[PDB]
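As provided, work-v7.cif (mmCIF, C-alpha atoms) reads as follows.
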data_work
loop_
_atom_site.group_PDB
_atom_site.id
_atom_site.type_symbol
_atom_site.label_atom_id
_atom_site.label_comp_id
_atom_site.auth_asym_id
_atom_site.auth_seq_id
_atom_site.Cartn_x
_atom_site.Cartn_y
_atom_site.Cartn_z
ATOM 1 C CA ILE I 1 -3.579 -60.168 94.220
ATOM 2 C CA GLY I 2 -6.134 -61.459 96.774
ATOM 3 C CA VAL I 3 -9.039 -59.695 98.462
ATOM 4 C CA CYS I 4 -10.739 -60.503 101.782
ATOM 5 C CA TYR I 5 -14.392 -61.258 101.351
ATOM 6 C CA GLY I 6 -15.769 -60.009 104.702
ATOM 7 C CA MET I 7 -19.491 -60.452 105.225
ATOM 8 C CA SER I 8 -20.265 -58.490 108.370
ATOM 9 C CA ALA I 9 -22.925 -56.434 106.669
ATOM 10 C CA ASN I 10 -26.654 -56.756 106.071
ATOM 11 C CA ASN I 11 -26.709 -55.398 102.482
ATOM 12 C CA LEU I 12 -24.130 -57.038 100.237
ATOM 13 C CA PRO I 13 -24.729 -58.489 96.747
ATOM 14 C CA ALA I 14 -25.450 -62.205 96.295
ATOM 15 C CA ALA I 15 -22.396 -64.453 96.397
ATOM 16 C CA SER I 16 -22.671 -65.092 92.669
ATOM 17 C CA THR I 17 -22.572 -61.384 91.850
ATOM 18 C CA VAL I 18 -19.527 -60.935 94.145
ATOM 19 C CA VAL I 19 -17.764 -63.743 92.265
ATOM 20 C CA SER I 20 -18.363 -61.907 88.996
ATOM 21 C CA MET I 21 -16.832 -58.796 90.503
ATOM 22 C CA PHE I 22 -13.676 -60.813 91.303
ATOM 23 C CA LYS I 23 -13.604 -62.151 87.743
ATOM 24 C CA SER I 24 -14.070 -58.846 85.966
ATOM 25 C CA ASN I 25 -11.686 -56.922 88.145
ATOM 26 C CA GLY I 26 -9.022 -59.600 87.796
ATOM 27 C CA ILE I 27 -8.923 -60.548 91.485
ATOM 28 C CA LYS I 28 -7.173 -63.910 91.423
ATOM 29 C CA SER I 29 -7.733 -64.932 95.046
ATOM 30 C CA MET I 30 -10.411 -64.780 97.723
ATOM 31 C CA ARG I 31 -10.274 -65.092 101.492
ATOM 32 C CA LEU I 32 -13.342 -66.243 103.400
ATOM 33 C CA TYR I 33 -13.431 -66.290 107.163
ATOM 34 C CA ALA I 34 -15.761 -69.218 107.446
ATOM 35 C CA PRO I 35 -17.109 -71.901 105.090
ATOM 36 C CA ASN I 36 -19.895 -69.848 103.486
ATOM 37 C CA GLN I 37 -21.974 -72.250 101.356
ATOM 38 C CA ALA I 38 -23.324 -69.615 98.972
ATOM 39 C CA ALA I 39 -19.797 -68.272 98.277
ATOM 40 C CA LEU I 40 -18.274 -71.751 97.967
ATOM 41 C CA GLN I 41 -21.021 -72.867 95.595
ATOM 42 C CA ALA I 42 -20.494 -69.738 93.549
ATOM 43 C CA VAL I 43 -16.707 -69.659 93.293
ATOM 44 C CA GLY I 44 -16.422 -73.290 92.150
ATOM 45 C CA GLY I 45 -15.011 -73.849 88.678
ATOM 46 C CA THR I 46 -13.876 -70.205 88.256
ATOM 47 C CA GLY I 47 -10.144 -70.628 88.870
ATOM 48 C CA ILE I 48 -10.247 -68.104 91.701
ATOM 49 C CA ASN I 49 -8.042 -69.395 94.499
ATOM 50 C CA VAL I 50 -9.659 -69.678 97.910
ATOM 51 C CA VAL I 51 -8.419 -69.506 101.491
ATOM 52 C CA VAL I 52 -11.207 -70.943 103.630
ATOM 53 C CA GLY I 53 -11.023 -70.306 107.312
ATOM 54 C CA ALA I 54 -12.206 -72.092 110.379
ATOM 55 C CA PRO I 55 -13.872 -69.702 112.814
ATOM 56 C CA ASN I 56 -12.144 -69.306 116.225
ATOM 57 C CA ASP I 57 -15.148 -70.656 118.110
ATOM 58 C CA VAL I 58 -14.853 -74.142 116.496
ATOM 59 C CA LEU I 59 -11.144 -74.609 117.332
ATOM 60 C CA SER I 60 -11.770 -76.390 120.628
ATOM 61 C CA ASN I 61 -13.890 -78.780 118.573
ATOM 62 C CA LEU I 62 -11.267 -79.341 115.844
ATOM 63 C CA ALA I 63 -8.556 -79.737 118.512
ATOM 64 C CA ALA I 64 -10.401 -82.246 120.630
ATOM 65 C CA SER I 65 -11.311 -84.812 118.006
ATOM 66 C CA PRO I 66 -9.570 -86.008 114.842
ATOM 67 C CA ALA I 67 -12.973 -87.294 113.777
ATOM 68 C CA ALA I 68 -14.292 -83.753 114.371
ATOM 69 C CA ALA I 69 -11.613 -82.419 112.081
ATOM 70 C CA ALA I 70 -12.573 -85.099 109.601
ATOM 71 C CA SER I 71 -16.229 -84.196 109.564
ATOM 72 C CA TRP I 72 -15.329 -80.529 109.055
ATOM 73 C CA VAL I 73 -13.162 -81.312 106.060
ATOM 74 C CA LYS I 74 -15.843 -83.587 104.604
ATOM 75 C CA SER I 75 -18.560 -80.944 104.784
ATOM 76 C CA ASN I 76 -16.509 -77.842 104.158
ATOM 77 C CA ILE I 77 -13.746 -78.892 101.791
ATOM 78 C CA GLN I 78 -14.790 -82.206 100.213
ATOM 79 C CA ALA I 79 -18.360 -81.042 99.636
ATOM 80 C CA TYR I 80 -16.931 -78.667 97.066
ATOM 81 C CA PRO I 81 -14.828 -80.573 94.494
ATOM 82 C CA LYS I 82 -14.717 -77.741 91.978
ATOM 83 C CA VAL I 83 -13.376 -74.941 94.242
ATOM 84 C CA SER I 84 -9.649 -74.103 94.175
ATOM 85 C CA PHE I 85 -8.597 -74.339 97.841
ATOM 86 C CA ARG I 86 -5.205 -72.805 98.556
ATOM 87 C CA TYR I 87 -5.124 -72.919 102.353
ATOM 88 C CA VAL I 88 -7.357 -73.729 105.298
ATOM 89 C CA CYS I 89 -6.694 -70.907 107.828
ATOM 90 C CA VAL I 90 -7.435 -72.411 111.259
ATOM 91 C CA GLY I 91 -8.046 -69.426 113.494
ATOM 92 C CA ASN I 92 -7.737 -65.700 112.847
ATOM 93 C CA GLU I 93 -5.830 -63.770 115.481
ATOM 94 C CA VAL I 94 -6.518 -66.331 118.217
ATOM 95 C CA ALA I 95 -5.809 -64.620 121.569
ATOM 96 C CA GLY I 96 -4.971 -66.035 125.010
ATOM 97 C CA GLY I 97 -5.982 -69.411 126.383
ATOM 98 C CA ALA I 98 -7.733 -70.422 123.184
ATOM 99 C CA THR I 99 -4.245 -70.464 121.672
ATOM 100 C CA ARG I 100 -3.860 -73.794 123.518
ATOM 101 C CA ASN I 101 -6.016 -75.362 120.822
ATOM 102 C CA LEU I 102 -4.132 -73.836 117.916
ATOM 103 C CA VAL I 103 -1.628 -76.579 116.989
ATOM 104 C CA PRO I 104 -3.943 -79.577 117.821
ATOM 105 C CA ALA I 105 -6.706 -78.170 115.634
ATOM 106 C CA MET I 106 -4.084 -77.518 112.939
ATOM 107 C CA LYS I 107 -2.701 -81.055 113.322
ATOM 108 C CA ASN I 108 -6.138 -82.582 113.055
ATOM 109 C CA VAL I 109 -7.309 -80.623 109.972
ATOM 110 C CA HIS I 110 -4.002 -81.438 108.352
ATOM 111 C CA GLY I 111 -4.262 -85.189 108.999
ATOM 112 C CA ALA I 112 -7.863 -85.205 107.749
ATOM 113 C CA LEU I 113 -6.725 -83.501 104.543
ATOM 114 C CA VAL I 114 -3.790 -85.866 104.024
ATOM 115 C CA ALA I 115 -6.151 -88.817 104.621
ATOM 116 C CA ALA I 116 -8.489 -87.524 101.871
ATOM 117 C CA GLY I 117 -5.611 -87.122 99.529
ATOM 118 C CA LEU I 118 -5.984 -83.321 99.529
ATOM 119 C CA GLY I 119 -2.585 -82.605 101.073
ATOM 120 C CA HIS I 120 -1.965 -79.929 98.441
ATOM 121 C CA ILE I 121 -4.159 -77.717 100.542
ATOM 122 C CA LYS I 122 -2.002 -76.182 103.260
ATOM 123 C CA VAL I 123 -3.246 -75.605 106.791
ATOM 124 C CA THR I 124 -2.072 -72.491 108.540
ATOM 125 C CA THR I 125 -3.202 -69.763 110.958
ATOM 126 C CA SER I 126 -3.373 -65.954 110.710
ATOM 127 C CA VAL I 127 -1.688 -63.740 113.226
ATOM 128 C CA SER I 128 -1.856 -60.073 114.066
ATOM 129 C CA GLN I 129 1.064 -57.678 113.699
ATOM 130 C CA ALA I 130 0.240 -56.877 117.312
ATOM 131 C CA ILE I 131 2.177 -60.021 118.247
ATOM 132 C CA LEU I 132 5.426 -58.218 117.392
ATOM 133 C CA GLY I 133 7.010 -56.779 120.515
ATOM 134 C CA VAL I 134 9.711 -55.098 118.423
ATOM 135 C CA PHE I 135 9.350 -54.538 114.670
ATOM 136 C CA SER I 136 12.034 -51.975 114.002
ATOM 137 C CA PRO I 137 14.649 -52.329 113.020
ATOM 138 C CA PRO I 138 13.815 -55.599 111.156
ATOM 139 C CA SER I 139 16.927 -57.333 112.560
ATOM 140 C CA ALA I 140 15.594 -56.661 116.052
ATOM 141 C CA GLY I 141 12.235 -58.299 115.268
ATOM 142 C CA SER I 142 10.591 -60.136 118.125
ATOM 143 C CA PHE I 143 7.240 -61.353 119.473
ATOM 144 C CA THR I 144 5.792 -60.205 122.718
ATOM 145 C CA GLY I 145 6.379 -62.626 125.641
ATOM 146 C CA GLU I 146 2.724 -63.640 125.610
ATOM 147 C CA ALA I 147 2.905 -64.445 121.921
ATOM 148 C CA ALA I 148 6.388 -65.910 122.307
ATOM 149 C CA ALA I 149 4.873 -68.505 124.644
ATOM 150 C CA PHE I 150 2.544 -70.012 121.981
ATOM 151 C CA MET I 151 4.283 -69.025 118.733
ATOM 152 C CA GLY I 152 7.114 -71.493 119.147
ATOM 153 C CA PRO I 153 5.162 -74.770 118.551
ATOM 154 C CA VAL I 154 3.045 -73.085 115.840
ATOM 155 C CA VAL I 155 6.127 -71.975 113.841
ATOM 156 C CA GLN I 156 7.805 -75.361 114.106
ATOM 157 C CA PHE I 157 4.597 -77.129 112.973
ATOM 158 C CA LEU I 158 4.456 -74.957 109.895
ATOM 159 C CA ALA I 159 8.107 -75.693 109.213
ATOM 160 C CA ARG I 160 7.440 -79.415 109.531
ATOM 161 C CA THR I 161 4.489 -79.342 107.168
ATOM 162 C CA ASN I 162 5.903 -76.889 104.632
ATOM 163 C CA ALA I 163 3.065 -74.381 105.240
ATOM 164 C CA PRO I 164 3.388 -70.576 105.409
ATOM 165 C CA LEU I 165 2.391 -68.205 108.210
ATOM 166 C CA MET I 166 -0.258 -65.579 107.487
ATOM 167 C CA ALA I 167 0.080 -62.135 108.979
ATOM 168 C CA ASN I 168 -2.504 -59.368 109.020
ATOM 169 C CA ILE I 169 -0.300 -56.312 108.302
ATOM 170 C CA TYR I 170 -1.517 -52.738 108.662
ATOM 171 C CA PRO I 171 1.004 -49.841 108.547
ATOM 172 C CA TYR I 172 -1.990 -47.521 108.941
ATOM 173 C CA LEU I 173 -2.638 -49.029 112.322
ATOM 174 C CA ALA I 174 1.035 -48.895 113.381
ATOM 175 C CA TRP I 175 1.092 -45.231 112.401
ATOM 176 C CA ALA I 176 -2.274 -44.190 113.778
ATOM 177 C CA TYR I 177 -1.338 -45.511 117.222
ATOM 178 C CA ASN I 178 1.055 -42.562 117.610
ATOM 179 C CA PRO I 179 1.116 -40.313 114.491
ATOM 180 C CA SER I 180 3.833 -38.323 116.254
ATOM 181 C CA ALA I 181 6.250 -41.268 116.309
ATOM 182 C CA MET I 182 6.580 -41.790 112.536
ATOM 183 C CA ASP I 183 5.798 -39.906 109.389
ATOM 184 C CA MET I 184 2.675 -40.990 107.529
ATOM 185 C CA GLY I 185 4.529 -41.143 104.216
ATOM 186 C CA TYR I 186 6.639 -43.974 105.636
ATOM 187 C CA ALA I 187 3.389 -45.943 106.160
ATOM 188 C CA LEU I 188 1.732 -44.763 102.928
ATOM 189 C CA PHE I 189 4.408 -45.986 100.482
ATOM 190 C CA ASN I 190 5.281 -42.318 100.018
ATOM 191 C CA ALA I 191 8.675 -41.709 101.627
ATOM 192 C CA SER I 192 11.424 -40.064 99.592
ATOM 193 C CA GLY I 193 14.108 -42.495 100.587
ATOM 194 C CA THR I 194 15.459 -44.869 103.190
ATOM 195 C CA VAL I 195 13.843 -44.219 106.526
ATOM 196 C CA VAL I 196 15.519 -47.066 108.351
ATOM 197 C CA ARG I 197 19.021 -48.330 107.622
ATOM 198 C CA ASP I 198 19.336 -51.806 109.107
ATOM 199 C CA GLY I 199 22.840 -53.117 108.667
ATOM 200 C CA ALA I 200 23.277 -53.233 104.923
ATOM 201 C CA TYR I 201 19.538 -52.986 104.248
ATOM 202 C CA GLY I 202 17.559 -49.792 103.987
ATOM 203 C CA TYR I 203 13.799 -49.650 104.403
ATOM 204 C CA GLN I 204 11.673 -47.058 102.580
ATOM 205 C CA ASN I 205 8.218 -48.205 103.846
ATOM 206 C CA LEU I 206 6.588 -49.645 106.962
ATOM 207 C CA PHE I 207 5.188 -52.679 105.085
ATOM 208 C CA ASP I 208 8.663 -54.060 104.343
ATOM 209 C CA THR I 209 9.972 -53.236 107.792
ATOM 210 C CA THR I 210 7.135 -55.310 109.363
ATOM 211 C CA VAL I 211 7.340 -58.271 106.986
ATOM 212 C CA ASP I 212 11.104 -58.526 107.581
ATOM 213 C CA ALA I 213 10.628 -58.095 111.310
ATOM 214 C CA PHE I 214 8.215 -61.053 111.116
ATOM 215 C CA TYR I 215 10.809 -63.199 109.385
ATOM 216 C CA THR I 216 13.381 -62.385 112.062
ATOM 217 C CA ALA I 217 10.997 -63.212 114.909
ATOM 218 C CA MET I 218 9.933 -66.383 113.167
ATOM 219 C CA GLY I 219 13.575 -67.365 112.821
ATOM 220 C CA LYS I 220 14.154 -67.242 116.577
ATOM 221 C CA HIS I 221 11.800 -70.167 117.002
ATOM 222 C CA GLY I 222 12.876 -72.412 114.195
ATOM 223 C CA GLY I 223 10.855 -70.810 111.420
ATOM 224 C CA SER I 224 13.757 -69.761 109.123
ATOM 225 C CA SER I 225 12.291 -72.096 106.508
ATOM 226 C CA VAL I 226 8.664 -70.803 106.830
ATOM 227 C CA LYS I 227 7.262 -68.207 104.383
ATOM 228 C CA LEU I 228 5.014 -65.349 105.299
ATOM 229 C CA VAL I 229 1.706 -64.645 103.487
ATOM 230 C CA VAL I 230 0.111 -61.201 104.074
ATOM 231 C CA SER I 231 -3.467 -62.331 104.766
ATOM 232 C CA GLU I 232 -4.780 -58.817 105.248
ATOM 233 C CA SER I 233 -3.551 -55.343 104.474
ATOM 234 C CA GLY I 234 -5.453 -52.150 103.753
ATOM 235 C CA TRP I 235 -6.111 -48.500 104.619
ATOM 236 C CA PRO I 236 -9.560 -47.013 105.515
ATOM 237 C CA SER I 237 -11.388 -44.438 103.353
ATOM 238 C CA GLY I 238 -13.107 -42.717 106.244
ATOM 239 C CA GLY I 239 -13.720 -42.630 109.938
ATOM 240 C CA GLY I 240 -10.430 -41.512 111.323
ATOM 241 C CA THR I 241 -7.174 -39.606 110.935
ATOM 242 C CA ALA I 242 -5.804 -39.923 107.438
ATOM 243 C CA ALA I 243 -8.866 -41.980 106.521
ATOM 244 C CA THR I 244 -9.917 -40.718 103.075
ATOM 245 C CA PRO I 245 -10.357 -42.252 99.574
ATOM 246 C CA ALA I 246 -7.216 -40.420 98.336
ATOM 247 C CA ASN I 247 -5.069 -41.984 101.043
ATOM 248 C CA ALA I 248 -6.746 -45.401 100.804
ATOM 249 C CA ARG I 249 -6.236 -45.439 97.054
ATOM 250 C CA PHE I 250 -2.605 -44.290 97.382
ATOM 251 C CA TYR I 251 -1.959 -47.052 99.876
ATOM 252 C CA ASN I 252 -3.801 -49.895 98.155
ATOM 253 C CA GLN I 253 -2.544 -49.187 94.685
ATOM 254 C CA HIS I 254 1.072 -48.966 95.894
ATOM 255 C CA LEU I 255 0.585 -52.209 97.837
ATOM 256 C CA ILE I 256 -0.575 -53.882 94.642
ATOM 257 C CA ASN I 257 2.314 -52.539 92.638
ATOM 258 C CA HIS I 258 4.773 -53.261 95.442
ATOM 259 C CA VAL I 259 4.255 -56.869 96.565
ATOM 260 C CA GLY I 260 5.720 -58.580 93.496
ATOM 261 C CA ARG I 261 9.177 -57.210 94.357
ATOM 262 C CA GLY I 262 9.336 -58.339 97.941
ATOM 263 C CA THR I 263 11.330 -56.844 100.787
ATOM 264 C CA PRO I 264 15.017 -55.845 101.304
ATOM 265 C CA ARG I 265 15.987 -59.108 102.998
ATOM 266 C CA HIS I 266 13.331 -61.257 101.316
ATOM 267 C CA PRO I 267 13.010 -60.494 97.556
ATOM 268 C CA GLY I 268 10.197 -62.246 95.730
ATOM 269 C CA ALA I 269 6.452 -61.787 95.390
ATOM 270 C CA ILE I 270 4.597 -61.826 98.709
ATOM 271 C CA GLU I 271 1.185 -63.461 98.513
ATOM 272 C CA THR I 272 -1.198 -60.659 99.645
ATOM 273 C CA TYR I 273 -4.903 -60.298 100.418
ATOM 274 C CA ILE I 274 -6.392 -56.811 100.598
ATOM 275 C CA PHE I 275 -8.911 -56.114 103.344
ATOM 276 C CA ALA I 276 -11.630 -55.887 102.135
ATOM 277 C CA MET I 277 -14.067 -56.209 99.241
ATOM 278 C CA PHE I 278 -16.879 -53.962 100.698
ATOM 279 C CA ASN I 279 -17.463 -51.522 103.525
ATOM 280 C CA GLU I 280 -19.058 -53.559 106.364
ATOM 281 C CA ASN I 281 -22.024 -51.927 108.002
ATOM 282 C CA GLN I 282 -22.381 -54.344 110.875
ATOM 283 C CA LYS I 283 -18.960 -53.329 112.280
ATOM 284 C CA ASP I 284 -18.602 -50.601 114.918
ATOM 285 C CA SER I 285 -18.774 -47.038 113.656
ATOM 286 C CA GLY I 286 -15.438 -45.563 112.626
ATOM 287 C CA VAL I 287 -12.778 -46.874 110.221
ATOM 288 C CA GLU I 288 -14.077 -50.424 110.687
ATOM 289 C CA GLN I 289 -17.008 -49.743 108.411
ATOM 290 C CA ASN I 290 -14.673 -48.305 105.753
ATOM 291 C CA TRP I 291 -12.089 -50.884 104.698
ATOM 292 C CA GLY I 292 -13.933 -51.784 101.495
ATOM 293 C CA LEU I 293 -12.722 -51.341 97.988
ATOM 294 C CA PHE I 294 -16.425 -51.245 97.009
ATOM 295 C CA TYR I 295 -19.708 -49.928 98.340
ATOM 296 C CA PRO I 296 -22.508 -52.492 98.718
ATOM 297 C CA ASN I 297 -24.088 -50.712 95.743
ATOM 298 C CA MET I 298 -21.170 -52.232 93.837
ATOM 299 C CA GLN I 299 -19.516 -48.888 93.018
ATOM 300 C CA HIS I 300 -15.729 -48.620 93.696
ATOM 301 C CA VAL I 301 -14.948 -46.340 96.635
ATOM 302 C CA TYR I 302 -11.846 -45.352 94.649
ATOM 303 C CA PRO I 303 -10.263 -46.656 91.387
ATOM 304 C CA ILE I 304 -7.817 -49.569 91.658
ATOM 305 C CA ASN I 305 -5.884 -51.677 89.173
ATOM 306 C CA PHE I 306 -5.499 -55.247 90.401
#

Encoded form (structure tokens):
Amino acid sequence: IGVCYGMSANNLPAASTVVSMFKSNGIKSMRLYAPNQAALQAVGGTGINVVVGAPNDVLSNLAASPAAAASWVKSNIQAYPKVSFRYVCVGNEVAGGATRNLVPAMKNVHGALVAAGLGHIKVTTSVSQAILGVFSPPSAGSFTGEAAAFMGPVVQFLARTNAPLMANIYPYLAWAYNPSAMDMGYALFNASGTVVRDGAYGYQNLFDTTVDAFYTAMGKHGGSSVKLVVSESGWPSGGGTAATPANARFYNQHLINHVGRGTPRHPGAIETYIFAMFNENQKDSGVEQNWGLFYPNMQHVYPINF
């Protein structure tokens, strides 16, 4: 499975040590949110797959010039011939206005990559489950109107380039919003049976419901051929309602065991990245500083089998 290597902390291990943690725990993929040189130099030649992202503040730059895109690829992708790049995630949850630069930046990075003969590395973007206006039942999946306005061209692009869509999916967050609306077990991979019967499909967990809702919404804009990659998913071990190591372990371990099967309407392993490797101490107090599978001190927050 994959794990998101977030670095919004002032006390993490050296990149090299982190890379050993991936290796020994059997974490096959890594997600970076920006071309970190130390991490990229470390991960090279290890067989760990890497999703390298382009920060949201450089999009306008990648969108404006093809040559800009080219330079980026030369310094951030080409500079590292021994790393195993899977995708280049242009933007992470890009909100209003800036979304105007989404497709152009994506087109430019893509062309730069094809020009270098590295077209095996897919360009995509990562969206937030918050873009779903309706997510239940799955057949009634749909984007908000704000998202609907920019998601069309993005989805079609992906379809044209045979690239997936990446979605940051958190049942915990859907549930926490109004704990009175749904039962926590439904979100925790701990429901007894079907909670939602959609047509001839029955959902037993909020992860599937969302993923399938995404597919339905994507379909409405010519994305029926595009695959979804879960670029983030997790549950916090402290800082809020239901935030404990017992719950976070129950959630993460079931996620890990679950993804290879797929969903009711989409059977087949879903590429998944768990958020995140460590607790991040530079985030705002609350659950944000508790997504980590590990403490900076390198100890597991709870036991997990990857």

**OP:** Could you tell me which residues the PyMOL selection byres ((chain I and resi 130) around 10) returns for this structure, as a ChimeraX atom specification?
**Re:** /I:93,127-129,131-135,143-144,147,167-170,173-174

Original post:
Expanded to explicit residues, what is the PyMOL selection byres ((chain I and resi 33-49) around 8) for this file, as a list in words?
Top reply: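 Evaluating the PyMOL selection byres ((chain I and resi 33-49) around 8) on these coordinates yields residues 5, 6, 15, 16, 19, 23, 27, 28, 29, 30, 31, 32, 50, 51, 52, 53, 54, 55, 76, 80, 81, 82, 83, 84, 85 and 86 of chain I.
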
Tell me, counting all atoms listed in the file, for each residue of region 159-260 of chain I within 9 Å of region 287-296 of chain I, which pair of atoms is nearest and how far apart they are in Å to one decimal, in rows ordered by chain and increasing number, as a tab-separated table.
residue	atom	partner	partner_atom	distance
I:234	CA	I:291	CA	6.8
I:235	CA	I:291	CA	6.4
I:236	CA	I:291	CA	4.7
I:237	CA	I:290	CA	5.6
I:238	CA	I:287	CA	5.8
I:239	CA	I:287	CA	4.4
I:240	CA	I:287	CA	6.0
I:243	CA	I:287	CA	7.3
I:248	CA	I:291	CA	8.6
I:249	CA	I:293	CA	8.8

**OP:** Go through I:254, I:107, I:100, I:261 one by one, measure the shortest atom-to-atom distance of each to residue 66 (chain I) using only C-alpha atoms, and give the residue with the smallest value.
**Re:**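 The shortest atom-to-atom distance to residue 66 (chain I) comes from I:107.
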
Original post:
So which one's closest to residue 137 (chain I), I:166, I:98, I:206, I:70? Using only C-alpha atoms, please.
Top reply: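 Closest candidate: I:206.
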
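CA of residue 229 (chain I) to CA of residue 185 (chain I) spans 23.7 Å [interatomic distance, one decimal].
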
Original post:
Near residue 60 (chain I), counting all atoms listed in the file, which residues have an atom at most 9 Å away, once you skip same-chain residues fewer than 3 positions from it, shown as a list in words?
Top reply: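 Returned residues: residues 56, 57, 63, 64, 65, 98, 100, 101, 102, 104 and 105 of chain I.
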
Can you write just those residues out, C-alpha atoms, as an mmCIF file, keeping the file's coordinate frame?
data_model
loop_
_atom_site.group_PDB
_atom_site.id
_atom_site.type_symbol
_atom_site.label_atom_id
_atom_site.label_comp_id
_atom_site.auth_asym_id
_atom_site.auth_seq_id
_atom_site.Cartn_x
_atom_site.Cartn_y
_atom_site.Cartn_z
ATOM 1 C CA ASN I 56 -12.144 -69.306 116.225
ATOM 2 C CA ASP I 57 -15.148 -70.656 118.110
ATOM 3 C CA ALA I 63 -8.556 -79.737 118.512
ATOM 4 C CA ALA I 64 -10.401 -82.246 120.630
ATOM 5 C CA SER I 65 -11.311 -84.812 118.006
ATOM 6 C CA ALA I 98 -7.733 -70.422 123.184
ATOM 7 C CA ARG I 100 -3.860 -73.794 123.518
ATOM 8 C CA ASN I 101 -6.016 -75.362 120.822
ATOM 9 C CA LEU I 102 -4.132 -73.836 117.916
ATOM 10 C CA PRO I 104 -3.943 -79.577 117.821
ATOM 11 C CA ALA I 105 -6.706 -78.170 115.634
#

Original post:
Between I:115, I:226, I:304, I:18, which has the minimum distance to residue 266 (chain I) (counting all atoms listed in the file)?
Top reply: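 Residue with the minimum atom-to-atom distance to residue 266 (chain I): I:226.
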
**OP:** For CA of residue 276 (chain I) and CA of residue 4 (chain I), determine how far apart the two atoms are, in Å to one decimal place.
**Re:**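 So the two atoms, CA of residue 276 (chain I) and CA of residue 4 (chain I), lie 4.7 Å apart.
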
Write a file for region 17-33 of chain I of the given structure; include N, CA and C atoms and format it as a PDB file, in the first residue's frame.
ATOM      1  N   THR I  17      16.675   7.723   6.696  1.00  0.00           N
ATOM      2  CA  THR I  17      16.132   6.887   7.757  1.00  0.00           C
ATOM      3  C   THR I  17      14.667   6.573   7.434  1.00  0.00           C
ATOM      4  N   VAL I  18      13.917   7.590   6.986  1.00  0.00           N
ATOM      5  CA  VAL I  18      12.505   7.408   6.610  1.00  0.00           C
ATOM      6  C   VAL I  18      12.356   6.351   5.507  1.00  0.00           C
ATOM      7  N   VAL I  19      13.268   6.387   4.541  1.00  0.00           N
ATOM      8  CA  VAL I  19      13.282   5.437   3.440  1.00  0.00           C
ATOM      9  C   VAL I  19      13.547   4.004   3.905  1.00  0.00           C
ATOM     10  N   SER I  20      14.294   3.862   4.981  1.00  0.00           N
ATOM     11  CA  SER I  20      14.540   2.552   5.564  1.00  0.00           C
ATOM     12  C   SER I  20      13.299   2.055   6.268  1.00  0.00           C
ATOM     13  N   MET I  21      12.554   2.977   6.867  1.00  0.00           N
ATOM     14  CA  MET I  21      11.307   2.629   7.522  1.00  0.00           C
ATOM     15  C   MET I  21      10.297   2.074   6.499  1.00  0.00           C
ATOM     16  N   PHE I  22      10.253   2.684   5.318  1.00  0.00           N
ATOM     17  CA  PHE I  22       9.381   2.217   4.237  1.00  0.00           C
ATOM     18  C   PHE I  22       9.789   0.801   3.886  1.00  0.00           C
ATOM     19  N   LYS I  23      11.081   0.612   3.617  1.00  0.00           N
ATOM     20  CA  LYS I  23      11.632  -0.689   3.258  1.00  0.00           C
ATOM     21  C   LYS I  23      11.344  -1.791   4.253  1.00  0.00           C
ATOM     22  N   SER I  24      11.626  -1.549   5.527  1.00  0.00           N
ATOM     23  CA  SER I  24      11.432  -2.587   6.523  1.00  0.00           C
ATOM     24  C   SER I  24       9.990  -2.870   6.836  1.00  0.00           C
ATOM     25  N   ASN I  25       9.137  -1.866   6.727  1.00  0.00           N
ATOM     26  CA  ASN I  25       7.732  -2.114   6.993  1.00  0.00           C
ATOM     27  C   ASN I  25       7.003  -2.659   5.776  1.00  0.00           C
ATOM     28  N   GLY I  26       7.670  -2.705   4.630  1.00  0.00           N
ATOM     29  CA  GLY I  26       7.023  -3.187   3.425  1.00  0.00           C
ATOM     30  C   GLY I  26       6.070  -2.182   2.787  1.00  0.00           C
ATOM     31  N   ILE I  27       6.401  -0.895   2.890  1.00  0.00           N
ATOM     32  CA  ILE I  27       5.561   0.143   2.289  1.00  0.00           C
ATOM     33  C   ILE I  27       6.093   0.369   0.888  1.00  0.00           C
ATOM     34  N   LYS I  28       5.371  -0.195  -0.070  1.00  0.00           N
ATOM     35  CA  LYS I  28       5.702  -0.144  -1.488  1.00  0.00           C
ATOM     36  C   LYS I  28       5.670   1.208  -2.206  1.00  0.00           C
ATOM     37  N   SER I  29       4.851   2.142  -1.739  1.00  0.00           N
ATOM     38  CA  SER I  29       4.805   3.445  -2.384  1.00  0.00           C
ATOM     39  C   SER I  29       4.870   4.594  -1.419  1.00  0.00           C
ATOM     40  N   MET I  30       5.274   5.745  -1.949  1.00  0.00           N
ATOM     41  CA  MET I  30       5.476   6.984  -1.207  1.00  0.00           C
ATOM     42  C   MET I  30       4.908   8.158  -1.968  1.00  0.00           C
ATOM     43  N   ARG I  31       4.241   9.052  -1.233  1.00  0.00           N
ATOM     44  CA  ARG I  31       3.672  10.257  -1.802  1.00  0.00           C
ATOM     45  C   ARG I  31       4.371  11.485  -1.156  1.00  0.00           C
ATOM     46  N   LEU I  32       4.908  12.355  -2.000  1.00  0.00           N
ATOM     47  CA  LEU I  32       5.574  13.529  -1.550  1.00  0.00           C
ATOM     48  C   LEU I  32       4.692  14.652  -2.040  1.00  0.00           C
ATOM     49  N   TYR I  33       4.704  15.795  -1.382  1.00  0.00           N
ATOM     50  CA  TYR I  33       3.831  16.856  -1.805  1.00  0.00           C
ATOM     51  C   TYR I  33       4.602  17.952  -2.492  1.00  0.00           C
TER      52      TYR I  33
END
